[PDB]
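Novice: Encoded as structure tokens, here's the structure I'll be asking about.
Note that we place each Cβ from the backbone using ideal geometry, even for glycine, and neighbour counts take in every protein chain shown. Numbers and lists here come from the model and the stated rules, or from a named source; no laboratory instrument gave them.
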Amino acid sequence: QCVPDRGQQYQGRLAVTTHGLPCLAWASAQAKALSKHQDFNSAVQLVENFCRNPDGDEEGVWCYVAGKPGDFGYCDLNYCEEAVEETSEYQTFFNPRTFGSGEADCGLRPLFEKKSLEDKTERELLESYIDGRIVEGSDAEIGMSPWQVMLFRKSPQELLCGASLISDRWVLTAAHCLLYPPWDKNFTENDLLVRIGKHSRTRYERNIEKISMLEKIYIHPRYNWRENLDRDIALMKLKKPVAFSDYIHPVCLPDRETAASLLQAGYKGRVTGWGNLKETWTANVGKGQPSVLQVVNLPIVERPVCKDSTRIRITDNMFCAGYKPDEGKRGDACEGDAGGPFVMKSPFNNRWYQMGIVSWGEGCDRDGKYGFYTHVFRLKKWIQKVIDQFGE
Ligand SMILES: *[C@@H]1O[C@H](CO)[C@@H](O)[C@H](O)[C@H]1NC(C)=O
């Protein structure tokens, strides 16, 4: 009875967004003559202005909305819980001329994979957690996460969240870092700057660390703080495309095929951060505050295990990680950076894929729960449509 196949078969009557905005017709002026550069699918009925899924977006049905031509909105329908969980090759998804360069080389670490070398913990991501010896989190080697991005509040100069470098031009982060009115947070481009290529938070890293400006900030349409922080997802373009170094390199994106196979293959994940989430919370000086980038290998534990741990509802776009709650074996809730990356290394091509964007996940100061994360595999078609909105 619930919506299957992600709305590709839907012909019922509903033509407005999740947030309450009017759907421009598919036969309308800008939605026709101006918007068409995609190889759409001619299997879905393109009726009037009804929400449909002609590109087969893993997020579902959508429409173009009244605004600056190109803008689009998702429509709140009753989808079925499609639990994603039960050389060195790559193919480019987005067109390099708008997503920037780096895609065709993503994941491959300058100072590791490309040097035919391993990091001190990557030969640990490939085992099922062996029990007893939990190799704790700690000081990160240099160049260990070349996608690791910091998000600074311009003035009065302040660090807000972590983030991920996907290409020379684009970065992904949690949407709550920027828009969150339970906290007043209504940040815009002008208030924010990023520092890419840093390993130490405080100290200045000469020539190494670059620092850049933001151009436009896209908060993904189906974002709702109003309940549980669903779709904690925001995308920000850079004013000035960054030059890849040995300390700067983008991270690859999984789709359903790739994310699932990673999950079926993998046993763990990596949260590189600074203690940002941990610390921001005025959970405060709960002891130290790591001066240097931090790293930890976190096992994903099965959905039924995660659902039972919290009060609230895990959506198939949110996912757990970490170790067991214990009297004398304590886990690591609220880990790394807000909107920071949680990653996995594809054994199928030795590349690194970002699987998780971190969240406030109240199972945090619960003090015996799992860290909750946001899934990344659904964004690909949305991203595609967003960058197409920009142009050369
Ligand atoms: C945030 O505040 C600015 C005030 O200049 C306003 O233009 C904008 O619409 C606000 N954004 C949201 C999402 O409320």
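Novice: If you check 168, 139, which single one turns out to be within 23 Å of residue 289 (Cβ to Cβ) and among the charged types (D, E, K, R)?
Specialist: Details: 168 fails: within 23 Å of residue 289 (Cβ to Cβ).
Testing whether each residue is within 23 Å of residue 289 (Cβ to Cβ) and among the charged types (D, E, K, R) leaves just 139.
Conditions (1) under 25 Å from residue 64 (Cβ atoms); (2) within 16 Å of the ligand (Cβ to nearest atom), marked per residue:
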{"position": "203", "(1), (2)": "no, no"}
{"position": "208", "(1), (2)": "no, no"}
{"position": "213", "(1), (2)": "no, no"}
{"position": "218", "(1), (2)": "yes, yes"}
{"position": "222", "(1), (2)": "yes, yes"}
{"position": "230", "(1), (2)": "yes, no"}
{"position": "235", "(1), (2)": "yes, yes"}
{"position": "247", "(1), (2)": "no, no"}
{"position": "251", "(1), (2)": "no, no"}
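Novice: Residue by residue through region 141-164, note down the ones that are assigned to a strand (DSSP E or B) and basic (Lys, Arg). Spell out how you get there, then give the answer.
Specialist: First, pick out the residues of region 141-164 that are assigned to a strand (DSSP E or B): 148-153, 158-164.
Residue satisfying the conditions is 153 alone.
Novice: All but one of (1) farther than 17 Å from residue 382 by Cα; (2) buried (at least 16 other Cβ atoms within 10 Å of the Cβ) hold for residue 13, so report the exception by its number.
Specialist: In the conditions (1) farther than 17 Å from residue 382 by Cα; (2) buried (at least 16 other Cβ atoms within 10 Å of the Cβ), residue 13 misses (2) alone.
Novice: Turning to a different aspect of this structure: I'm trying to understand the selection: among the residues of region 158-187, which are under 13 Å from residue 237 (Cβ atoms) and either buried (at least 21 other Cβ atoms within 10 Å of the Cβ) or within 16 Å of the ligand (Cβ to nearest atom) (or both)?
Specialist: 163, 165, 166, 167, 169, 170, 171, 172, 173
Novice: Looking at region 282-299, which of its residues are of a type in the set (A, V, I, L, M, F, W, C) and within 22 Å of residue 343 (Cβ to Cβ)?
Specialist: 292, 293, 295, 296, 298
Novice: Filter region 192-240 down to the residues that are of a type in the set (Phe, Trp, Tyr) and in a loop (DSSP other than H, G, I, E, B) and list them by number. Reasoning before the result, please.
Specialist: Restricting attention to region 192-240, the residues satisfying the condition of being of a type in the set (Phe, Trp, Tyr) are 204, 218, 223, 225.
Once the filter is applied, which keeps residues that are of a type in the set (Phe, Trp, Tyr) and in a loop (DSSP other than H, G, I, E, B), region 192-240 yields 204, 223, 225.
Novice: In this structure, does residue 167 turn out to be assigned to a loop (DSSP other than H, G, I, E, B), at positive phi and either in the same structural domain as residue 332 (by CATH) or under 16 Å from the mean Cα position of the chain (by Cα) (or both)?
Specialist: Judged against the criteria, residue 167 is not a match.
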